[PDB]
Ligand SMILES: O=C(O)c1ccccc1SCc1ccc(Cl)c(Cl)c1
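The chain below stands alone, shown as structure tokens; this is the form deposited without the named molecule.
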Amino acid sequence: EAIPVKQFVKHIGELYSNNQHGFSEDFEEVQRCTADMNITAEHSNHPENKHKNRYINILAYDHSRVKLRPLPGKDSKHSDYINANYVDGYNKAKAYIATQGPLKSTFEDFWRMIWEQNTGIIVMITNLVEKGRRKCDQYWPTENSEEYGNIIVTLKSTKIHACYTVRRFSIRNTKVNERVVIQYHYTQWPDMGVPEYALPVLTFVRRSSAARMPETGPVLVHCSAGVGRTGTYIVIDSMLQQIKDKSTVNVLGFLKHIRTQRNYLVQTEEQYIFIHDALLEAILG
């Protein structure tokens, strides 16, 4: 259960103490927290869906997976699949869709999901290629328009900040009519480990979070696998909201809960520590 901000701040000092022993214990607990739950991901594992997964070991649990409307005709059965899950936010079920960086073979699925779920904000926390590893394919028009199945995406504006870029698109469903989608793209996450300074990430979280408008669909959050940095964002954003609303915090409880909705959310102990670093800076700022 939640603890007051004052207690949380001291708890961080305790977690760091003794060569970070407490952070290691908490993280192991997270890693083991769904071990006995027998959570299935049959759809992710289906041979027909194999090419739709960026990473063989990164699944979308069946009970929380985002489903695409099936397409009529041949191979309709597995046309409902995307590697993506609903994930809760602070006091809001299904506040996010956590998903992998789309593949060229999944661009149509990705934009169809955006249309069908009424998503208005995309949070992207990766570069396309990082230290020679392809992490995500470019699913948006560099300029003008690109067509992804029945969704035509038009670039309207690009605003460049030191640590992130904001791209506004107009999208049109050729079978419907037009909607605004804003992509908050974080461009300075290091190729290895976590950012040295939490401040630019906090700023990115605050601004991208503030852009969520009432009565819209879940905010789409993705990185490469859609678990490590994606989980990190989700925990930070949710805990900031909790602190604002209640002056309490529940990082470990909240993270254990969302592990039930998508595998490996907050993938590394370094990310788990970074969450605390970021929340401490927010509290002190």
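Shifts are known only where both forms have a C-alpha. Between two forms, the rigid core is the largest collection of C-alphas that superpose within 1.5 Å. Numbering starts at 1 and runs along the sequence shown.
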Among the other entries of this protein that model both neighbours of residue 155, is it absent from at least a third? no
Determine, among the other compared PDB entries that model residues flanking residue 71, whether at least a third leave it unmodelled. no
Residue 177 preceded by how many uncoordinated deposited residues after residue 176: 10 or more
Comparing 215-223 with 66-74, the one whose average Cα B-factor in the PDB entry is higher: 66-74
Of 98-106 and 139-147, the one with larger mean CA B-factor: 139-147
Looking at 85, 187, 79, 183, which has the biggest Cα B factor in the entry? 79
Within this chain's modelled residues, let me know which third the CA B factor of residue 205 belongs to: lowest, middle or highest. lowest
Relative to the other modelled residues of the same chain, rank the CA B-factor of residue 153 and answer lowest, middle or highest third. middle
Would you mind ranking residue 238 by its C-alpha B-factor against the rest of the chain and naming the third, lowest, middle or highest? lowest
Third assignment of residue 91 from its chain's C-alpha B-factors: highest
Tell me, lowest, middle or highest third: where does the Cα B factor of residue 228 rank within its chain? lowest
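Another form, the form solved in complex with the named molecule, is not on view; read the next lines as being about it.
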Would the named molecule, positioned as it is in the bound PDB entry and superimposed via the C-alphas around its site, fit into this form without 3 or more of its atoms falling within 2.4 Å of the backbone or C-beta atoms? Open or blocked? blocked
Heavy atoms, 4.5 Å, the named molecule in the bound PDB entry: which of 181-189, 114-122, 80-88, 210-218 makes the cut? Say which one. 181-189
Answer with yes or no whether residue 139 is in contact with the named molecule in the bound PDB entry, where contact means some heavy atom within 4.5 Å. no
Contact with the named molecule in the bound PDB entry for residue 195, defined as at least one heavy atom pair within 4.5 Å: yes or no? yes
In the bound PDB entry, is there a heavy atom of the named molecule that lies within 4.5 Å of any heavy atom of residue 204, even though the partner is absent here? yes
Given that the partner is absent here, does residue 236 sit within 4.5 Å of the named molecule in the bound PDB entry, heavy atoms only? yes
In sequence order, the residues of 265-285 that place a heavy atom within 4.5 Å of the named molecule in the bound PDB entry are 270, 271, 274
So which residue among 103, 194, 155, 202 shifts its CA at least 2 Å between this form and the one not shown once the core is superposed? 194
Stretches between this form and the one not shown where the CA atoms of at least 3 consecutive shared residues shift 2 Å or more, core fixed: 189-194
